[PDB]
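The sequence lines fix the lettering, A, B, ..., with proteins before strands; numbering per chain opens at 1. For the numbers below, each heavy atom of this structure counts, side chains included, while hydrogens, waters and symmetry mates do not.
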Amino acid sequence: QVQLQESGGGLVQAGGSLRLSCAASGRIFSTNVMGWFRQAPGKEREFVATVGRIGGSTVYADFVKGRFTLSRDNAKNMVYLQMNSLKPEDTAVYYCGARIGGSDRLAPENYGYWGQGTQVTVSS
Amino acid sequence: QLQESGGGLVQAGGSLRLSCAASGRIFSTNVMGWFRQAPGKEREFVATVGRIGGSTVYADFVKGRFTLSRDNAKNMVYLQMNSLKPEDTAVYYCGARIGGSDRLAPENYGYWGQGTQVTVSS
Amino acid sequence: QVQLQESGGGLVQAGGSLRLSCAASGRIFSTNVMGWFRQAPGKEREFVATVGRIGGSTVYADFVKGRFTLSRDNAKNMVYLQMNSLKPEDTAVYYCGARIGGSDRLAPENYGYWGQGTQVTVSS
Amino acid sequence: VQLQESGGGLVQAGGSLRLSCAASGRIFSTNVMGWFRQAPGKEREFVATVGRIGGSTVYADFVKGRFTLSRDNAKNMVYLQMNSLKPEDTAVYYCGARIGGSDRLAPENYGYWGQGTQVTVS
Amino acid sequence: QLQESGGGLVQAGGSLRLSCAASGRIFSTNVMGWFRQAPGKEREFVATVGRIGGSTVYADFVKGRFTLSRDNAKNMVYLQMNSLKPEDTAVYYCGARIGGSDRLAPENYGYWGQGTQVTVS
Amino acid sequence: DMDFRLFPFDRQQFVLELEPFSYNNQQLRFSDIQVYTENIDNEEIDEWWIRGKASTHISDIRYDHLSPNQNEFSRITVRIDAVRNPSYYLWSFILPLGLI
Amino acid sequence: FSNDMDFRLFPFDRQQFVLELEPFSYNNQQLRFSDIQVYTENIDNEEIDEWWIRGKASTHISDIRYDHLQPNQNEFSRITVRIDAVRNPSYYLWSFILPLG
Amino acid sequence: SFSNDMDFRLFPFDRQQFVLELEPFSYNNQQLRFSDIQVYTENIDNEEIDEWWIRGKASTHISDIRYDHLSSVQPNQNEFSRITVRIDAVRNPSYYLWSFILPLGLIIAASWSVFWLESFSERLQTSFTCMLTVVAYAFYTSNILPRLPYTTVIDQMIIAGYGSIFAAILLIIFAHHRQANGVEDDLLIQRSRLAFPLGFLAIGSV
Amino acid sequence: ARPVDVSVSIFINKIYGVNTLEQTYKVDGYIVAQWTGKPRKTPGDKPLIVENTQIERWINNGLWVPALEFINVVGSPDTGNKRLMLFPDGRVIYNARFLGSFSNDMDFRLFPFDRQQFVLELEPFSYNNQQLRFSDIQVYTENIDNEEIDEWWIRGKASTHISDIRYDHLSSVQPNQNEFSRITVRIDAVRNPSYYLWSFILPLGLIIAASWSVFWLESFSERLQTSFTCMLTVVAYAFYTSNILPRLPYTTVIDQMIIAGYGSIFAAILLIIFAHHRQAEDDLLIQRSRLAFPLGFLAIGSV
Amino acid sequence: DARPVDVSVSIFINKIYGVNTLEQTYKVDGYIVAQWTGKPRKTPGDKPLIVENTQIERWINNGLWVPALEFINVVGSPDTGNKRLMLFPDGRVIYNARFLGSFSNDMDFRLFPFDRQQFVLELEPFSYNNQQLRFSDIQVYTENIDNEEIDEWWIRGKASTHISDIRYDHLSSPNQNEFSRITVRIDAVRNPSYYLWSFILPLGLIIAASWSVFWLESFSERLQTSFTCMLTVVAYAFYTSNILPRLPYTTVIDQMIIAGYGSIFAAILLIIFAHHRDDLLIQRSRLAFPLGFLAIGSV
Ligand SMILES: CCCCCCCCCCCCO[C@@H]1O[C@H](CO)[C@@H](O[C@H]2O[C@H](CO)[C@@H](O)[C@H](O)[C@H]2O)[C@H](O)[C@H]1O
């Protein structure tokens, strides 16, 4: 029993910034299972970011290129995705997922309790 | 049940494209292998798929002339034969591996088809 | 089980010397588990010295810098801390504790049966 | 298992002979057979037998490449082609069958000895 | 039971041949070893056979002066002692190793003999 | 050599024997040996109970198959005496067996 | 080391532990073994040991001729050592056979 | 250590093909090819004490392996020469026949004696001793037989003993409560001391 | 100066030797790494092959061969033959055989019906993604004939990702130097449960069901004592399974069937005794749970 | 003259596993990083230089100083994978290496399956005293855990660290007999769920079930079912012995197994004593015998 709620999305121009938030509620023991995904119109939901196995590490999709940064507040069961230098290619719905199990944190199939998502539109 | 085809008579240096049609309980085409048997001589190995993906096992006499291809959807495998020689004249069979561990051993193949005659003349 | 009593501390000028003694009594078959600690008002109780795992070795805090020596008397169930070249920073009440368990000679958590302590004061 | 030696006789120094040992009974192969000899007063000593690995044969130090062991598994026989004989070789050449153990050179691990064939060098 | 003999008085530099007769359940003389004890001092190892064939263990003070041999026929061992010096004066005992894992340890020997006195001037 | 016939009350002697591989005692001799062992906090959690400080010996091994005074080697011997901790075997094995 | 071992008469089996030595590269025209001596352990009491060594160590020096290999270059000098032993049936008679009877 | 495709479903009567495959690591058959391959094996004296019984002489093959994923694509430069040697052997099943299959047949057969007991209460409580005897034997089997991802012949016999004993418990209860009147004494079906072993042997034949 | 693009191929010959308690497994295969380096002279200006010990000689003279680390390997992998193909234009093809123990997150709780993801994680050991990046990843696996004799059943083709790993404790005044390029390979597999269905689950089902036969016994003494022979049979089966099944720090499905059997037999013991010492007088009617006791068991078993 | 070389260390622990209870060892896979400042040097392009694996040897041979750091509490040589030097033009040297080793530590499993352990790593230079080389600081980074229900051990708290000095009596051969030591410690508790449901729960039902002998009505039934119960504990003690770890002392489960024996044995005595002294009155200890067991259990 877990519930995820995203926020922070909106309209922005090329090169602008957004900060996305995800609040987790229910039977969740840590924010490490949380991971960000995004899905564009007529495209497959693709991985974006999630914590790394060893402390101090973070996994990012190849298209991030240092532009995004994943941080967390365990005490409040929340994770944040700071998105800088946005391009029109980053337009999509950004979903927050919780890692059920498996052993591949880059695979959307190992995530559940998806949220409604927050729209990100980069105009240009 | 296995059924070959594509045989025929050809002049030295010519080509053929043998085909093997599989029907029944075969998981995939990875199991099928081509053999041949000439009058008097024993049935010998020609070609089949290798263990690791992308690899194919050919008999030492092939010398790059023949190619094994497959169409897992249609459950068929083709032996594109080129640069044929009189020594290649024989009945070409199509067998299915059963078990053991020797893709080159006819003892480990079964369900042979009726075969197809290949004739190369000068 | 056991009880510990410190003694030998007092007022001394910067550079002087003191010899602290700790007497143990009770269910104790070896003095290897005894260790010296100190705690001045304002700071947390920090480790000072205890015996090493291999014979002939002794563990000292980084602030000892070779000035303090831990000696033993297994016959009389007593340990001694010879403190030389004393500094004003060494001022504190020095405690004697017995190791309860765990596997970290340096962690006070693994020590119990603490004693009253002996005040060690160093002026200029 | 019954063994019968044959081929002995008299010869001069530097001559040649061909001993034969026929095995009759329950034998798994001729690999288990070995040639021995015993001169008057001397112990029964090892001469030759097959090696553990194929193509190898164990010879006593005194053979010095002169003798050669061969076998006809079909006829169930082993042969010992003796060449360049010397007076020291005079003895009764028996034929034993390895009854177990891991010392092919040990007579104690042989049995079913034959009646023996006499060989004498002058 | 073990019995020593062959001790006595000898001049510094002389020789003696100690003998140890063994009786009872003793499959081999390998288990036997020689010891010595001077008045006031502790019983110290002298010689016994080595683990591997051809080897013999000698105390560090022997310095090649003593030689342990055995007569399995008579079930005995002999300590041939040469170049004797006043430091060698002691009662020499013969012991039998009864297990343990230390050829040089008196604690692993039982069935000691009465001992035979060796005295060097 | 280890004898476990008095299990679980057996007593063992752990030995290290050190010797030069090539140099006899006319070329290399051990002049002294010192051993240092672990300072035990409490042995109730240990499988073996050490009894006494390490014992040492320095002797000469004479080999009869090296043929003048060149066939003796210097050997160090260290021995650690220990007794088996029998608590578990007493309560979970011997006692239930007596009841059965 | 490997050897032909027969345990059918277990726990009353006897075994021959064998060492076979041969030059890896040099035939008996270049390298030949002239003698072999074997020294074993001095035993105190055998009642504690799993195996009992019956008899001294046997040795052999023979020639091995290889067919798969100039003339007279296909023969290697070999040493064979054999240690005959007999198992200690004590443990198996009292703890296994007797209770089964 | 070498790997191979091995099928142990017919254990302990299985046959295996031990193979070694050799191939140059870096040079293709235009640079380095195998011209011939000779294999030599141990001269067996008596295979009775051997775990495996070799059958036939060693088989050998020389063949070309063509790889589709070699970066460069020069004409006829993606084939490597391969040597394959095969050793055929059959397992020695003597130990498994006399120590595993035979006792299990005696245990299962003995379980059929419950139908010769006189009271229903005796037939039921004894079956549980039979059930416990197969479980005991299952543990003795597992601790010695090789681990496999499928059942062997012995594993199916263990399963057959469970079913038989369980089927007998049903038949025992059925006959004693079948008539649903209290005097349920269907001695006729209880006289299936011959029909139950024959029903077992029938199902096993398939 | 752009980063060096490295094209990687991984051939997987075998995945075996699962260790359930340590959550590890063994993988045998090859790793091929291609990339373009500095142009160089070679014999006959042809591709040059360098094998094993000779590779090191080339590094000393200047050749750049970066170490690619298996992130999730346990200890040093057993590297067999390895090879360099050196081209005059600068291309380098590194090829090597490897056998390694790899770790991963494995949940065996649904044993013997568990699914597993065998992963390989590859990453440069010293060079960040500004210096060395993975441009593509191809994975090739075994051609299977019949998966019936196999412990694991592979499902779907191998999955591959190329991602970036940012390390917080490399932040330097010079930015953008704390991010490494990682390849991820995933093989999906389900366990072959045949042996466990027929040799473990089925017999255990027969033992538990047979213990419900006590309610068809007609004497209180017979009913109660037989239950102890039934409890004894579950404990007997408990360690028969413990000898074959894998060690885990948690219970599985078979482990819970066993606990249930303990509960059923223990519950029936309470019922057989309640129906005999708490009446106005044996209660031979409550004993008609011959149907109510199995039904109640399957009902509870439905959760 | 010169001060000690300051060395900054960072340890990344990937996995603590493979506990061996009887040997008091555990396996640790991770990375070690060691940084210090050397003599400034030239580097190609004045960018940091990277030296990997066998190439490191050539640099040490050419005069580069790379001190050997030893895991004091490692059992045998650790299995070192890739290793790397990073040399900066300003003199900084960063040594990095992958390691897998077996480590020893005092471990008390007496409270199993409810035991708590402190896994430690002890780092210390092998040759250079703290007048030549001292540890300036230590950073520890551990794995990010998702859900610990599947994990045998549950980590508790952040990893503790210590930097101290070790003084050796045997090194009086002026004042260079001291060595700097790093100590890392991972606190963890065992996951007992498995042992409660599969070991302690069934054993409870068996010990309890044995108490029903006092409800059989004939003396020949009470005593004969007692052997069935005795035999059930034996079969169960062996089930546990085959799974639970080997230790030199009894655990909670062992004492339960032992208690099962004593309860059944005592009951066998009460059944006979009550018979020859057909007294069914004391047979009404259906409530007395279990209570006396629980009363003694607390003690
Ligand atoms: C009068 C009472 C007598 C009672 C007799 C009871 C006899 C019981 C015999 C048990 C036989 C078990 O035999 C069992 O057969 C099945 C079906 O083929 C096999 O089943 C397995 O292999 C088959 C192929 O054959 C696969 O298709 C299947 O998916 C897999 O489960 C089991 O691996 C084997 O264990």
Item to check | Shortest non-hydrogen contact from I:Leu232 toward J:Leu231 | outcome: CD1-O, 3.8 Å

Checklist entry - For the atom pair OG (H:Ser192) and CG (H:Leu171), what is the distance rounded to the nearest 0.5 Å? => result 4.5 Å

Checklist entry - Going through the distances and angles, do J:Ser198 and J:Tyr239 end up as a side chain to side chain contact (heavy atoms under 4.5 Å, CB included)? => result CA-CA 10 Å; J:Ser198 283; J:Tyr239 164 54; 4.2 Å; yes

Checklist entry - Are side-chain heavy atoms of H:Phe174 and H:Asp186 found at a separation under 4.5 Å? => result no

Next on the checklist: Tell me whether J:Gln283 contacts the main-chain N or O of J:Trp215 through its side chain, where contact means a donor paired with an acceptor under 3.5 Å.
Outcome noted: no

Checklist entry - Between I:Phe200 and I:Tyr237, what is the ring plane arrangement, given parallel below 30°, perpendicular above 60°, and tilted in between? => result perpendicular

Checklist entry - Less than 4.5 Å apart, any side-chain heavy atom of H:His177 and any of I:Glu218? => result yes

Checklist entry - For G:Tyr91, does the OH atom sit with more than 12 other heavy atoms under 6.0 Å from it, leaving out its own atoms? => result no

Item to check | Non-hydrogen atoms of J:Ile150 and I:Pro249 that approach each other most closely | outcome: O-CG, 3.8 Å

Checklist entry - Nearest heavy-atom pair of J:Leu196 and J:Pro202: which atoms, and what distance? => result O-CD, 4.4 Å

Item to check | Atom pair OG (I:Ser242) and CD1 (J:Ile243), whose distance is rounded to the nearest 0.5 Å | outcome: 4.0 Å

Item to check | Stepwise side chain to side chain donor-acceptor pair (under 3.5 Å) check, H:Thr126 with H:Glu122 | outcome: CA-CA 6 Å; H:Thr126 296; H:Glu122 284 171 326; over 6 Å; no

Checklist entry - Is there a side-chain contact between H:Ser164 and H:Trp112 (heavy atoms, below 4.5 Å)? => result yes

Checklist entry - Do the non-hydrogen side-chain atoms of I:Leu21 and I:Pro246 ever get within less than 4.5 Å of each other? => result no

Item to check | I:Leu224 versus I:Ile272, closest heavy-atom pair with distance | outcome: N-CG2, 4.1 Å

Checklist entry - Within a strict 4.5 Å, meaning less than it, do heavy atoms of the I:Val235 and I:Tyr262 side chains meet? => result yes

Checklist entry - Ignoring hydrogens and geometry, is there a side-chain-to-backbone donor-acceptor pair from H:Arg123 to H:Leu117 under 3.5 Å? => result yes

Item to check | I:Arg115 side chain reached by I:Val190 side chain, heavy atoms, under 4.5 Å | outcome: yes

Next on the checklist: With a 4.5 Å cut-off on side-chain heavy atoms, are I:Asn243 and H:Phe139 touching?
Outcome noted: yes

Next on the checklist: Within the structure provided, determine whether I:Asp107 and I:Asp114 are in side-chain contact (heavy-atom separation under 4.5 Å).
Outcome noted: no

Checklist entry - To the nearest 0.5 Å, what is the distance between OG1 (H:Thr133) and CE (H:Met131)? => result 11.0 Å

Checklist entry - How far does CZ of H:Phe8 sit from OG1 of H:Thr152, to the nearest 0.5 angstrom? => result 11.5 Å

Item to check | Gap between atom OH of J:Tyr195 and atom CD1 of J:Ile200 - 0.5 Å precision | outcome: 10.5 Å

Checklist entry - Looking only at heavy atoms, what is the nearest atom pair of I:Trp152 and I:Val18, with distance? => result NE1-CG2, 4.0 Å

Next on the checklist: I need the I:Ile208 CD1 to I:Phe297 CZ distance, nearest 0.5 Å.
Outcome noted: 5.0 Å

Checklist outcome for this item: Looking only at heavy atoms, the pair that brings H:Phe115 and H:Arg193 closest together is O-NE, 2.7 Å

